[PDB]
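Below is one structure, written out as structure tokens, with a few remarks after it.
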Amino acid sequence: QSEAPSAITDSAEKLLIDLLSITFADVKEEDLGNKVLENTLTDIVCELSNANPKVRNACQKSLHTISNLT
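What follows is the structure, given as structure tokens:
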């Protein structure tokens, strides 16, 4: 909710970026997706068209920090 404190969604965004920085560190092949990297990228890029702007900007930032990582 909008009147919840800001550290909830801020800590969630930082945790999502840190988790995607951890689990996408070993992927080097550009066409490497087997079962679960495909689903993680699917749930990220299917949510760029959300109603909430926070999750839109978080999905854009998480797509940017896994294209600069690998």
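Note that UniProt numbering has the sequence shown beginning at 1249, numbered continuously upward.
We treat Cβ as the ideally placed atom computed from N, Cα and C, and that holds for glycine.
CB contact flag (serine 1315, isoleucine 1265, <7 angstroms): Not a contact, by the Cβ cut-off of 7 angstroms.
CB contact flag (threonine 1318, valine 1275, <7 angstroms): Closer than 7 angstroms, so yes.
Straight-line gap, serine 1250 to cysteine 1294 (C-alpha atoms, nearest Å): Spanning the two alpha carbons is a distance of roughly 23 angstroms.
Nearest-angstrom Cα separation, counted from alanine 1255 out to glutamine 1308: Cα-Cα distance, rounded: 19 angstroms.
Spatial neighbours of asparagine 1287 in its chain, beta-carbon cut-off 8 angstroms, leaving aside the 5 residues before and after: Cβ within range, chain order: n/a, list empty.
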